[PDB]
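K.L.:
Contents are compact mmCIF, N, CA and C atoms and all ligand atoms; file name my_file.txt:
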# COMPACT_ATOMS: atom_id res chain seq x y z
N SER A 1856 11.18 -0.72 -50.29
CA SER A 1856 11.33 0.26 -51.36
C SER A 1856 10.74 -0.30 -52.63
N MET A 1857 11.01 0.35 -53.77
CA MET A 1857 10.45 -0.09 -55.05
C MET A 1857 10.76 -1.56 -55.33
N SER A 1858 9.70 -2.36 -55.52
CA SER A 1858 9.80 -3.80 -55.78
C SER A 1858 10.44 -4.58 -54.62
N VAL A 1859 10.53 -3.97 -53.45
CA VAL A 1859 11.00 -4.69 -52.27
C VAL A 1859 9.88 -4.64 -51.27
N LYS A 1860 9.07 -5.69 -51.29
CA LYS A 1860 7.82 -5.72 -50.56
C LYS A 1860 8.00 -6.42 -49.24
N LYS A 1861 7.68 -5.70 -48.18
CA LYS A 1861 7.63 -6.27 -46.85
C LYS A 1861 6.38 -7.14 -46.78
N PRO A 1862 6.52 -8.36 -46.24
CA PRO A 1862 5.32 -9.14 -45.92
C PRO A 1862 4.47 -8.32 -44.97
N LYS A 1863 3.16 -8.29 -45.16
CA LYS A 1863 2.33 -7.40 -44.37
C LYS A 1863 1.07 -8.13 -43.91
N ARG A 1864 0.61 -7.80 -42.71
CA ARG A 1864 -0.48 -8.51 -42.06
C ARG A 1864 -1.77 -8.52 -42.88
N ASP A 1865 -2.64 -9.49 -42.61
CA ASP A 1865 -3.96 -9.49 -43.22
C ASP A 1865 -4.78 -8.39 -42.56
N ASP A 1866 -5.36 -7.50 -43.36
CA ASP A 1866 -6.07 -6.35 -42.80
C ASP A 1866 -7.54 -6.33 -43.18
N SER A 1867 -8.04 -7.45 -43.70
CA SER A 1867 -9.42 -7.53 -44.17
C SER A 1867 -10.44 -7.51 -43.04
N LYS A 1868 -10.01 -7.83 -41.82
CA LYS A 1868 -10.90 -7.83 -40.66
C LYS A 1868 -10.80 -6.57 -39.81
N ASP A 1869 -9.88 -5.67 -40.15
CA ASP A 1869 -9.61 -4.48 -39.33
C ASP A 1869 -10.83 -3.59 -39.13
N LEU A 1870 -11.59 -3.38 -40.20
CA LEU A 1870 -12.75 -2.50 -40.14
C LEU A 1870 -13.76 -3.05 -39.13
N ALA A 1871 -14.08 -4.33 -39.28
CA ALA A 1871 -14.98 -5.03 -38.36
C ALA A 1871 -14.50 -5.01 -36.92
N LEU A 1872 -13.21 -5.27 -36.72
CA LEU A 1872 -12.62 -5.33 -35.39
C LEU A 1872 -12.61 -3.95 -34.70
N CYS A 1873 -12.27 -2.91 -35.45
CA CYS A 1873 -12.32 -1.55 -34.90
C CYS A 1873 -13.73 -1.19 -34.48
N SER A 1874 -14.71 -1.55 -35.30
CA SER A 1874 -16.10 -1.30 -34.99
C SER A 1874 -16.49 -2.04 -33.71
N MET A 1875 -15.97 -3.26 -33.56
CA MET A 1875 -16.24 -4.05 -32.36
C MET A 1875 -15.70 -3.37 -31.12
N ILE A 1876 -14.44 -2.94 -31.20
CA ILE A 1876 -13.80 -2.23 -30.09
C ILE A 1876 -14.56 -0.93 -29.79
N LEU A 1877 -14.94 -0.20 -30.82
CA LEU A 1877 -15.65 1.05 -30.61
C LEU A 1877 -16.98 0.80 -29.91
N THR A 1878 -17.64 -0.30 -30.26
CA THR A 1878 -18.90 -0.66 -29.60
C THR A 1878 -18.69 -0.91 -28.10
N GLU A 1879 -17.60 -1.58 -27.76
CA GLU A 1879 -17.30 -1.83 -26.35
C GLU A 1879 -17.03 -0.53 -25.60
N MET A 1880 -16.36 0.40 -26.26
CA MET A 1880 -16.16 1.74 -25.70
C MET A 1880 -17.48 2.41 -25.41
N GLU A 1881 -18.35 2.42 -26.42
CA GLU A 1881 -19.64 3.10 -26.35
C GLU A 1881 -20.50 2.56 -25.21
N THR A 1882 -20.34 1.28 -24.91
CA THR A 1882 -21.21 0.64 -23.92
C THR A 1882 -20.58 0.59 -22.52
N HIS A 1883 -19.34 1.04 -22.40
CA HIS A 1883 -18.68 1.17 -21.10
C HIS A 1883 -19.44 2.20 -20.25
N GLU A 1884 -19.59 1.94 -18.95
CA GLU A 1884 -20.39 2.83 -18.13
C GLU A 1884 -19.75 4.22 -17.97
N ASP A 1885 -18.43 4.30 -18.12
CA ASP A 1885 -17.75 5.59 -18.03
C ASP A 1885 -17.60 6.26 -19.40
N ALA A 1886 -18.40 5.84 -20.38
CA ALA A 1886 -18.30 6.41 -21.73
C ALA A 1886 -19.06 7.74 -21.86
N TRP A 1887 -19.93 8.04 -20.90
CA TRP A 1887 -20.84 9.17 -21.05
C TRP A 1887 -20.20 10.54 -21.36
N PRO A 1888 -18.96 10.82 -20.89
CA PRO A 1888 -18.44 12.14 -21.30
C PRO A 1888 -17.99 12.21 -22.76
N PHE A 1889 -17.98 11.09 -23.47
CA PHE A 1889 -17.31 10.98 -24.76
C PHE A 1889 -18.22 10.53 -25.89
N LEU A 1890 -19.50 10.31 -25.58
CA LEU A 1890 -20.42 9.72 -26.55
C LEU A 1890 -20.77 10.73 -27.64
N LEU A 1891 -20.86 12.00 -27.26
CA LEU A 1891 -21.30 13.06 -28.17
C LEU A 1891 -20.29 14.20 -28.19
N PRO A 1892 -20.26 14.99 -29.28
CA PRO A 1892 -19.38 16.17 -29.30
C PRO A 1892 -19.69 17.09 -28.13
N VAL A 1893 -18.65 17.64 -27.51
CA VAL A 1893 -18.83 18.71 -26.51
C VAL A 1893 -19.55 19.87 -27.18
N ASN A 1894 -20.55 20.42 -26.49
CA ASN A 1894 -21.34 21.52 -27.05
C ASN A 1894 -20.56 22.83 -26.98
N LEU A 1895 -19.99 23.24 -28.11
CA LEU A 1895 -19.09 24.39 -28.16
C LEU A 1895 -19.76 25.72 -27.85
N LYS A 1896 -21.08 25.71 -27.74
CA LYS A 1896 -21.83 26.93 -27.48
C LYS A 1896 -22.35 26.95 -26.05
N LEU A 1897 -22.13 25.86 -25.31
CA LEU A 1897 -22.52 25.81 -23.91
C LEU A 1897 -21.32 25.68 -22.98
N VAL A 1898 -20.19 25.24 -23.51
CA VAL A 1898 -19.02 25.01 -22.68
C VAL A 1898 -17.95 26.07 -22.94
N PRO A 1899 -17.78 26.99 -21.98
CA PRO A 1899 -16.80 28.07 -22.07
C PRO A 1899 -15.39 27.51 -22.21
N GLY A 1900 -14.58 28.13 -23.06
CA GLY A 1900 -13.20 27.71 -23.21
C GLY A 1900 -12.94 26.64 -24.26
N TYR A 1901 -13.88 25.72 -24.44
CA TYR A 1901 -13.58 24.49 -25.18
C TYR A 1901 -13.14 24.73 -26.62
N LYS A 1902 -13.87 25.60 -27.32
CA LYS A 1902 -13.59 25.82 -28.74
C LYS A 1902 -12.19 26.40 -28.93
N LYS A 1903 -11.81 27.33 -28.06
CA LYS A 1903 -10.52 27.99 -28.17
C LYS A 1903 -9.38 27.08 -27.72
N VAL A 1904 -9.62 26.31 -26.67
CA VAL A 1904 -8.57 25.51 -26.07
C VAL A 1904 -8.33 24.21 -26.82
N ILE A 1905 -9.40 23.54 -27.23
CA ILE A 1905 -9.28 22.21 -27.83
C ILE A 1905 -9.31 22.34 -29.34
N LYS A 1906 -8.14 22.25 -29.96
CA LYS A 1906 -8.03 22.55 -31.38
C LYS A 1906 -8.66 21.47 -32.27
N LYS A 1907 -8.66 20.22 -31.82
CA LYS A 1907 -9.26 19.14 -32.61
C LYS A 1907 -10.18 18.30 -31.74
N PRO A 1908 -11.44 18.75 -31.60
CA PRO A 1908 -12.41 18.01 -30.80
C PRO A 1908 -12.70 16.66 -31.42
N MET A 1909 -12.94 15.66 -30.58
CA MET A 1909 -13.25 14.33 -31.09
C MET A 1909 -14.09 13.60 -30.04
N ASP A 1910 -14.95 12.71 -30.49
CA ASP A 1910 -15.85 11.97 -29.60
C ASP A 1910 -16.24 10.66 -30.27
N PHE A 1911 -16.83 9.73 -29.52
CA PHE A 1911 -17.11 8.40 -30.07
C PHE A 1911 -18.08 8.44 -31.24
N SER A 1912 -19.07 9.32 -31.19
CA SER A 1912 -20.07 9.35 -32.26
C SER A 1912 -19.43 9.83 -33.57
N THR A 1913 -18.47 10.73 -33.48
CA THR A 1913 -17.78 11.24 -34.67
C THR A 1913 -16.86 10.16 -35.22
N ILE A 1914 -16.18 9.45 -34.33
CA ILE A 1914 -15.37 8.31 -34.76
C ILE A 1914 -16.23 7.24 -35.43
N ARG A 1915 -17.40 6.98 -34.87
CA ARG A 1915 -18.32 6.00 -35.43
C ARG A 1915 -18.75 6.41 -36.86
N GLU A 1916 -19.04 7.69 -37.03
CA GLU A 1916 -19.45 8.20 -38.34
C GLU A 1916 -18.32 8.10 -39.36
N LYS A 1917 -17.11 8.50 -38.96
CA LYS A 1917 -15.94 8.38 -39.82
C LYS A 1917 -15.62 6.92 -40.16
N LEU A 1918 -15.75 6.03 -39.17
CA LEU A 1918 -15.49 4.61 -39.41
C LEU A 1918 -16.49 4.02 -40.40
N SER A 1919 -17.74 4.44 -40.28
CA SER A 1919 -18.84 3.93 -41.08
C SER A 1919 -18.85 4.49 -42.51
N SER A 1920 -18.06 5.53 -42.76
CA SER A 1920 -18.09 6.19 -44.07
C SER A 1920 -16.72 6.16 -44.74
N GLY A 1921 -15.87 5.22 -44.31
CA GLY A 1921 -14.58 4.98 -44.93
C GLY A 1921 -13.59 6.12 -44.79
N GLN A 1922 -13.66 6.84 -43.68
CA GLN A 1922 -12.76 7.98 -43.48
C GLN A 1922 -11.49 7.66 -42.69
N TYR A 1923 -11.35 6.41 -42.22
CA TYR A 1923 -10.07 5.94 -41.70
C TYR A 1923 -9.35 5.11 -42.76
N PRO A 1924 -8.18 5.58 -43.21
CA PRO A 1924 -7.37 4.86 -44.19
C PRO A 1924 -6.82 3.55 -43.64
N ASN A 1925 -6.55 3.52 -42.34
CA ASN A 1925 -5.97 2.33 -41.71
C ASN A 1925 -6.24 2.30 -40.21
N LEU A 1926 -5.84 1.20 -39.56
CA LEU A 1926 -6.15 1.06 -38.14
C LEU A 1926 -5.47 2.12 -37.27
N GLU A 1927 -4.29 2.58 -37.63
CA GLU A 1927 -3.59 3.55 -36.81
C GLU A 1927 -4.23 4.93 -36.84
N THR A 1928 -4.87 5.31 -37.94
CA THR A 1928 -5.58 6.58 -37.95
C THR A 1928 -6.80 6.49 -37.04
N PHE A 1929 -7.40 5.31 -36.96
CA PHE A 1929 -8.51 5.07 -36.03
C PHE A 1929 -8.03 5.23 -34.58
N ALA A 1930 -6.92 4.57 -34.24
CA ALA A 1930 -6.36 4.67 -32.89
C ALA A 1930 -5.98 6.11 -32.53
N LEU A 1931 -5.50 6.87 -33.52
CA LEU A 1931 -5.17 8.27 -33.27
C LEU A 1931 -6.38 9.09 -32.83
N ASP A 1932 -7.52 8.89 -33.49
CA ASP A 1932 -8.74 9.60 -33.10
C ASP A 1932 -9.22 9.16 -31.71
N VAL A 1933 -9.20 7.86 -31.43
CA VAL A 1933 -9.61 7.40 -30.11
C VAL A 1933 -8.72 8.06 -29.04
N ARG A 1934 -7.41 8.05 -29.26
CA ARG A 1934 -6.49 8.62 -28.27
C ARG A 1934 -6.70 10.13 -28.12
N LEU A 1935 -7.00 10.79 -29.23
CA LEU A 1935 -7.31 12.22 -29.25
C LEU A 1935 -8.45 12.55 -28.28
N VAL A 1936 -9.46 11.68 -28.23
CA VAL A 1936 -10.57 11.85 -27.29
C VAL A 1936 -10.04 11.97 -25.86
N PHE A 1937 -9.12 11.09 -25.49
CA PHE A 1937 -8.63 11.06 -24.11
C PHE A 1937 -7.57 12.12 -23.86
N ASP A 1938 -6.81 12.47 -24.90
CA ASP A 1938 -5.86 13.57 -24.79
C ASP A 1938 -6.59 14.91 -24.59
N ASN A 1939 -7.69 15.10 -25.31
CA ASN A 1939 -8.51 16.30 -25.11
C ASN A 1939 -9.09 16.33 -23.70
N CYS A 1940 -9.53 15.17 -23.24
CA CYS A 1940 -10.15 15.07 -21.92
C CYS A 1940 -9.14 15.51 -20.86
N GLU A 1941 -7.90 15.05 -20.99
CA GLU A 1941 -6.85 15.42 -20.04
C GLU A 1941 -6.52 16.89 -20.10
N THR A 1942 -6.57 17.45 -21.31
CA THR A 1942 -6.27 18.87 -21.50
C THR A 1942 -7.27 19.75 -20.75
N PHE A 1943 -8.54 19.34 -20.73
CA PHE A 1943 -9.59 20.22 -20.24
C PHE A 1943 -10.10 19.88 -18.85
N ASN A 1944 -9.74 18.70 -18.34
CA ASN A 1944 -10.28 18.25 -17.07
C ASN A 1944 -9.20 17.86 -16.06
N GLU A 1945 -9.42 18.23 -14.80
CA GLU A 1945 -8.54 17.82 -13.72
C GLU A 1945 -8.58 16.30 -13.55
N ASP A 1946 -7.44 15.69 -13.22
CA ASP A 1946 -7.39 14.25 -12.98
C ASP A 1946 -8.35 13.86 -11.86
N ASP A 1947 -8.44 14.72 -10.85
CA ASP A 1947 -9.30 14.49 -9.70
C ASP A 1947 -10.69 15.07 -9.95
N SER A 1948 -11.31 14.62 -11.04
CA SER A 1948 -12.70 14.96 -11.33
C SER A 1948 -13.36 13.72 -11.90
N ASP A 1949 -14.68 13.69 -11.94
CA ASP A 1949 -15.39 12.53 -12.50
C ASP A 1949 -15.02 12.31 -13.96
N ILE A 1950 -15.12 13.37 -14.76
CA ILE A 1950 -14.78 13.26 -16.17
C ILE A 1950 -13.30 12.92 -16.35
N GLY A 1951 -12.44 13.55 -15.55
CA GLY A 1951 -11.02 13.28 -15.59
C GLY A 1951 -10.69 11.81 -15.35
N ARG A 1952 -11.26 11.24 -14.29
CA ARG A 1952 -11.11 9.82 -13.98
C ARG A 1952 -11.64 8.93 -15.10
N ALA A 1953 -12.80 9.29 -15.63
CA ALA A 1953 -13.43 8.54 -16.72
C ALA A 1953 -12.48 8.41 -17.90
N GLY A 1954 -11.80 9.51 -18.21
CA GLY A 1954 -10.88 9.51 -19.33
C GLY A 1954 -9.73 8.54 -19.13
N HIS A 1955 -9.11 8.59 -17.96
CA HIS A 1955 -8.04 7.66 -17.66
C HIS A 1955 -8.54 6.22 -17.75
N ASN A 1956 -9.70 5.96 -17.15
CA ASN A 1956 -10.29 4.61 -17.18
C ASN A 1956 -10.54 4.14 -18.63
N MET A 1957 -11.13 5.00 -19.45
CA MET A 1957 -11.45 4.61 -20.82
C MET A 1957 -10.20 4.44 -21.67
N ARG A 1958 -9.17 5.23 -21.40
CA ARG A 1958 -7.92 5.08 -22.14
C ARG A 1958 -7.29 3.72 -21.85
N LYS A 1959 -7.17 3.40 -20.56
CA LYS A 1959 -6.64 2.10 -20.17
C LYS A 1959 -7.45 0.99 -20.83
N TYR A 1960 -8.77 1.09 -20.72
CA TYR A 1960 -9.68 0.11 -21.31
C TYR A 1960 -9.42 -0.09 -22.81
N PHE A 1961 -9.28 1.01 -23.54
CA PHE A 1961 -8.99 0.94 -24.99
C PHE A 1961 -7.67 0.29 -25.32
N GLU A 1962 -6.61 0.70 -24.63
CA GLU A 1962 -5.27 0.25 -25.00
C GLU A 1962 -5.09 -1.24 -24.77
N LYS A 1963 -5.77 -1.79 -23.76
CA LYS A 1963 -5.71 -3.24 -23.55
C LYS A 1963 -6.42 -3.96 -24.69
N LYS A 1964 -7.59 -3.46 -25.08
CA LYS A 1964 -8.35 -4.07 -26.18
C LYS A 1964 -7.59 -3.96 -27.48
N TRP A 1965 -6.91 -2.83 -27.66
CA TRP A 1965 -6.09 -2.62 -28.85
C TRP A 1965 -4.98 -3.67 -28.93
N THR A 1966 -4.24 -3.80 -27.84
CA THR A 1966 -3.16 -4.79 -27.75
C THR A 1966 -3.66 -6.22 -27.92
N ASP A 1967 -4.74 -6.55 -27.23
CA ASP A 1967 -5.30 -7.90 -27.28
C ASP A 1967 -5.85 -8.26 -28.65
N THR A 1968 -6.36 -7.27 -29.37
CA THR A 1968 -7.01 -7.52 -30.65
C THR A 1968 -6.01 -7.59 -31.81
N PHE A 1969 -4.96 -6.78 -31.78
CA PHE A 1969 -4.14 -6.62 -32.97
C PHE A 1969 -2.68 -7.05 -32.82
N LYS A 1970 -2.02 -6.63 -31.74
CA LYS A 1970 -0.64 -7.06 -31.53
C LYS A 1970 -0.65 -8.52 -31.11
N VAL A 1971 -0.79 -9.39 -32.12
CA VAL A 1971 -1.11 -10.82 -31.98
C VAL A 1971 -1.88 -11.15 -30.71
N1 LIG B 1 -18.68 20.36 -15.74
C1 LIG B 1 -18.33 20.21 -17.09
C2 LIG B 1 -19.19 20.66 -18.08
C3 LIG B 1 -18.85 20.51 -19.42
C4 LIG B 1 -17.64 19.93 -19.75
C5 LIG B 1 -16.95 19.61 -20.96
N2 LIG B 1 -15.79 19.04 -20.68
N3 LIG B 1 -15.70 18.98 -19.39
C6 LIG B 1 -16.78 19.50 -18.78
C7 LIG B 1 -17.12 19.64 -17.43
Let me see the file written as structure tokens.
Ligand SMILES: Nc1ccc2cn[nH]c2c1
P.N.:
Amino acid sequence: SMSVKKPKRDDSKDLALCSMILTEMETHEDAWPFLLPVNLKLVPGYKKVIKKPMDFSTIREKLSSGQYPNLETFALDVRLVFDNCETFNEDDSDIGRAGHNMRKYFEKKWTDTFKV
């Protein structure tokens, strides 16, 4: 509270580290469904069904232009990518599987990088 300051982690490397993690995502072989925004004019249903579209290139742009206030807002967007994927794709599909794989991949890197 006022004048009662919690000791707080060093966050000067967070921007660099998030960019590092995002780069590993981008270069994963199962990243292809998530590299670019879904084309809302070619994919039936998507615009109406998915209220907050998100993809790695949009996250990269936001990260590069200071649009994430902190590491958790970054993680929220990454997770949004995979939550959208689950919303629109069957688990038993190529894209569906890719999403599960990429989510697992991210969360381990997240834990390994930040939660000591
Ligand atoms: N087959 C196919 C084509 C476009 C999209 C977008 N999300 N999932 C898709 C699946």
K.L.:
Quick one: which chain A residues come within 8 Å of ligand LIG 1 (chain B), and what is the nearest atom pair for each with the distance in Å to one decimal, counting only N, CA and C atoms and all ligand atoms, rows ordered by chain and ascending number, as JSON lines?
P.N.:
{"residue": "A:1888", "atom": "CA", "partner": "B:LIG1", "partner_atom": "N2", "distance": 7.4}
{"residue": "A:1893", "atom": "CA", "partner": "B:LIG1", "partner_atom": "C5", "distance": 5.9}
{"residue": "A:1894", "atom": "N", "partner": "B:LIG1", "partner_atom": "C5", "distance": 6.6}
{"residue": "A:1897", "atom": "C", "partner": "B:LIG1", "partner_atom": "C3", "distance": 6.7}
{"residue": "A:1898", "atom": "CA", "partner": "B:LIG1", "partner_atom": "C3", "distance": 5.6}
{"residue": "A:1899", "atom": "N", "partner": "B:LIG1", "partner_atom": "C3", "distance": 7.0}
{"residue": "A:1901", "atom": "CA", "partner": "B:LIG1", "partner_atom": "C5", "distance": 7.3}
{"residue": "A:1939", "atom": "C", "partner": "B:LIG1", "partner_atom": "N2", "distance": 7.8}
{"residue": "A:1940", "atom": "CA", "partner": "B:LIG1", "partner_atom": "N2", "distance": 7.0}
{"residue": "A:1943", "atom": "C", "partner": "B:LIG1", "partner_atom": "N3", "distance": 5.7}
{"residue": "A:1944", "atom": "CA", "partner": "B:LIG1", "partner_atom": "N3", "distance": 5.9}
{"residue": "A:1945", "atom": "N", "partner": "B:LIG1", "partner_atom": "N3", "distance": 7.8}
{"residue": "A:1950", "atom": "CA", "partner": "B:LIG1", "partner_atom": "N3", "distance": 6.6}
{"residue": "A:1951", "atom": "N", "partner": "B:LIG1", "partner_atom": "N3", "distance": 7.4}
K.L.:
Counting only C-alpha atoms, what is within 8 Å of residue 1964 of chain A, bar same-chain residues fewer than 4 positions away, as a list in words?
P.N.:
residues 1876, 1960 and 1968 of chain A
K.L.:
Starting from 5 Å padding per side, set up an axis-aligned box that covers all listed atoms of segment 1894-1906 of chain A and hand over centre and edge lengths in Å, one decimal, as lines of an AutoDock Vina configuration file.
P.N.:
center_x = -15.3
center_y = 24.3
center_z = -27.1
size_x = 24.5
size_y = 17.7
size_z = 20.3
K.L.:
Contacts of residue 1889 of chain A at 6.5 Å or less, counting only N, CA and C atoms, minus same-chain residues fewer than 5 places along, as a PyMOL selection string?
P.N.:
chain A and resi 1910-1912
K.L.:
As a VMD selection string, please: all residues of segment 1860-1969 of chain A that backbone DSSP puts in helix (DSSP H, G or I).
P.N.:
chain A and resid 1869 to 1882 1884 to 1886 1901 to 1904 1911 to 1919 1926 to 1943 1949 to 1968
K.L.:
Skipping near chain neighbours, those fewer than 5 positions away, what residues fall within 12 Å of residue 1971 of chain A using only C-alpha atoms, listed as number ranges by chain?
P.N.:
A: 1864-1865, 1964-1966
K.L.:
Atom N of residue 1909 of chain A to atom N of residue 1936 of chain A: how many Å, to one decimal?
P.N.:
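Interatomic distance here is 5.8 Å.
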K.L.:
Go through A:1870, A:1953, A:1857, A:1877 and flag the residue nearest residue 1915 of chain A, using only N, CA and C atoms for the distances.
P.N.:
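Smallest distance to residue 1915 of chain A is found for A:1877.
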K.L.:
Neighbours of residue 1873 of chain A within 8 Å (only N, CA and C atoms; same-chain residues fewer than 6 positions away dropped), as a PyMOL selection string?
P.N.:
chain A and resi 1879+1918+1926+1929
K.L.:
Export N, CA and C atoms of the chosen residues as a CSV table (one decimal), keeping the file's coordinate frame?
P.N.:
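After the write, selection_24.csv holds the following:
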chain,number,residue,atom,x,y,z
A,1879,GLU,N,-17.6,-1.6,-27.8
A,1879,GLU,CA,-17.3,-1.8,-26.4
A,1879,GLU,C,-17.0,-0.5,-25.6
A,1918,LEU,N,-15.8,6.0,-39.2
A,1918,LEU,CA,-15.5,4.6,-39.4
A,1918,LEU,C,-16.5,4.0,-40.4
A,1926,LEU,N,-5.8,1.2,-39.6
A,1926,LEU,CA,-6.2,1.1,-38.1
A,1926,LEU,C,-5.5,2.1,-37.3
A,1929,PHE,N,-7.4,5.3,-37.0
A,1929,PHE,CA,-8.5,5.1,-36.0
A,1929,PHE,C,-8.0,5.2,-34.6
K.L.:
Can you measure atom N of residue 1891 of chain A to atom CA of residue 1913 of chain A for me? One decimal in Å is fine.
P.N.:
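According to the coordinates, atom N of residue 1891 of chain A and atom CA of residue 1913 of chain A are separated by 8.1 Å.
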K.L.:
Find the distance between atom CA of residue 1933 of chain A and atom CA of residue 1896 of chain A and write it in Å to one decimal.
P.N.:
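Separation of atom CA of residue 1933 of chain A and atom CA of residue 1896 of chain A: 23.2 Å.
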K.L.:
Find the residues around segment 1922-1925 of chain A up to 9 Å (only C-alpha atoms counted), leave out those fewer than 5 positions away in its own chain, and share them as a ChimeraX atom specification.
P.N.:
/A:1866,1869-1870,1916-1917
K.L.:
Considering only C-alpha atoms, can you say which of A:1967, A:1941, A:1947, A:1962 comes closest to residue 1905 of chain A?
P.N.:
A:1941
K.L.:
Reconstruct segment 1860-1876 of chain A at the level of N, CA, C and O atoms, and format the result as a PDB file, in the coordinates of the input.
P.N.:
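After the write, result15.pdb holds the following:
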ATOM      1  N   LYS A1860       9.070  -5.690 -51.290  1.00  0.00           N
ATOM      2  CA  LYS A1860       7.820  -5.720 -50.560  1.00  0.00           C
ATOM      3  C   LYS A1860       8.000  -6.420 -49.240  1.00  0.00           C
ATOM      4  O   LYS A1860       8.428  -7.571 -49.180  1.00  0.00           O
ATOM      5  N   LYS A1861       7.680  -5.700 -48.180  1.00  0.00           N
ATOM      6  CA  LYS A1861       7.630  -6.270 -46.850  1.00  0.00           C
ATOM      7  C   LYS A1861       6.380  -7.140 -46.780  1.00  0.00           C
ATOM      8  O   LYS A1861       5.317  -6.740 -47.243  1.00  0.00           O
ATOM      9  N   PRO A1862       6.520  -8.360 -46.240  1.00  0.00           N
ATOM     10  CA  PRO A1862       5.320  -9.140 -45.920  1.00  0.00           C
ATOM     11  C   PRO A1862       4.470  -8.320 -44.970  1.00  0.00           C
ATOM     12  O   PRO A1862       5.030  -7.685 -44.068  1.00  0.00           O
ATOM     13  N   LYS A1863       3.160  -8.290 -45.160  1.00  0.00           N
ATOM     14  CA  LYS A1863       2.330  -7.400 -44.370  1.00  0.00           C
ATOM     15  C   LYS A1863       1.070  -8.130 -43.910  1.00  0.00           C
ATOM     16  O   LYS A1863       0.552  -9.000 -44.616  1.00  0.00           O
ATOM     17  N   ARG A1864       0.610  -7.800 -42.710  1.00  0.00           N
ATOM     18  CA  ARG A1864      -0.480  -8.510 -42.060  1.00  0.00           C
ATOM     19  C   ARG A1864      -1.770  -8.520 -42.880  1.00  0.00           C
ATOM     20  O   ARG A1864      -1.964  -7.691 -43.761  1.00  0.00           O
ATOM     21  N   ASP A1865      -2.640  -9.490 -42.610  1.00  0.00           N
ATOM     22  CA  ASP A1865      -3.960  -9.490 -43.220  1.00  0.00           C
ATOM     23  C   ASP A1865      -4.780  -8.390 -42.560  1.00  0.00           C
ATOM     24  O   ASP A1865      -4.871  -8.344 -41.331  1.00  0.00           O
ATOM     25  N   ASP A1866      -5.360  -7.500 -43.360  1.00  0.00           N
ATOM     26  CA  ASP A1866      -6.070  -6.350 -42.800  1.00  0.00           C
ATOM     27  C   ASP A1866      -7.540  -6.330 -43.180  1.00  0.00           C
ATOM     28  O   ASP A1866      -8.223  -5.323 -42.977  1.00  0.00           O
ATOM     29  N   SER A1867      -8.040  -7.450 -43.700  1.00  0.00           N
ATOM     30  CA  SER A1867      -9.420  -7.530 -44.170  1.00  0.00           C
ATOM     31  C   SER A1867     -10.440  -7.510 -43.040  1.00  0.00           C
ATOM     32  O   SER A1867     -11.612  -7.200 -43.265  1.00  0.00           O
ATOM     33  N   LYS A1868     -10.010  -7.830 -41.820  1.00  0.00           N
ATOM     34  CA  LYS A1868     -10.900  -7.830 -40.660  1.00  0.00           C
ATOM     35  C   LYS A1868     -10.800  -6.570 -39.810  1.00  0.00           C
ATOM     36  O   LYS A1868     -11.547  -6.408 -38.845  1.00  0.00           O
ATOM     37  N   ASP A1869      -9.880  -5.670 -40.150  1.00  0.00           N
ATOM     38  CA  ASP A1869      -9.610  -4.480 -39.330  1.00  0.00           C
ATOM     39  C   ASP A1869     -10.830  -3.590 -39.130  1.00  0.00           C
ATOM     40  O   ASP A1869     -11.077  -3.103 -38.033  1.00  0.00           O
ATOM     41  N   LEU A1870     -11.590  -3.380 -40.200  1.00  0.00           N
ATOM     42  CA  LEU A1870     -12.750  -2.500 -40.140  1.00  0.00           C
ATOM     43  C   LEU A1870     -13.760  -3.050 -39.130  1.00  0.00           C
ATOM     44  O   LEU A1870     -14.207  -2.341 -38.231  1.00  0.00           O
ATOM     45  N   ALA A1871     -14.080  -4.330 -39.280  1.00  0.00           N
ATOM     46  CA  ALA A1871     -14.980  -5.030 -38.360  1.00  0.00           C
ATOM     47  C   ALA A1871     -14.500  -5.010 -36.920  1.00  0.00           C
ATOM     48  O   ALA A1871     -15.279  -4.779 -35.997  1.00  0.00           O
ATOM     49  N   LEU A1872     -13.210  -5.270 -36.720  1.00  0.00           N
ATOM     50  CA  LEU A1872     -12.620  -5.330 -35.390  1.00  0.00           C
ATOM     51  C   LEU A1872     -12.610  -3.950 -34.700  1.00  0.00           C
ATOM     52  O   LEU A1872     -12.893  -3.839 -33.503  1.00  0.00           O
ATOM     53  N   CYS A1873     -12.270  -2.910 -35.450  1.00  0.00           N
ATOM     54  CA  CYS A1873     -12.320  -1.550 -34.900  1.00  0.00           C
ATOM     55  C   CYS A1873     -13.730  -1.190 -34.480  1.00  0.00           C
ATOM     56  O   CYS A1873     -13.939  -0.576 -33.420  1.00  0.00           O
ATOM     57  N   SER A1874     -14.710  -1.550 -35.300  1.00  0.00           N
ATOM     58  CA  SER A1874     -16.100  -1.300 -34.990  1.00  0.00           C
ATOM     59  C   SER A1874     -16.490  -2.040 -33.710  1.00  0.00           C
ATOM     60  O   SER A1874     -17.229  -1.519 -32.875  1.00  0.00           O
ATOM     61  N   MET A1875     -15.970  -3.260 -33.560  1.00  0.00           N
ATOM     62  CA  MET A1875     -16.240  -4.050 -32.360  1.00  0.00           C
ATOM     63  C   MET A1875     -15.700  -3.370 -31.120  1.00  0.00           C
ATOM     64  O   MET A1875     -16.389  -3.242 -30.107  1.00  0.00           O
ATOM     65  N   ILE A1876     -14.440  -2.940 -31.200  1.00  0.00           N
ATOM     66  CA  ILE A1876     -13.800  -2.230 -30.090  1.00  0.00           C
ATOM     67  C   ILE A1876     -14.560  -0.930 -29.790  1.00  0.00           C
ATOM     68  O   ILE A1876     -14.808  -0.600 -28.632  1.00  0.00           O
TER      69      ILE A1876
END
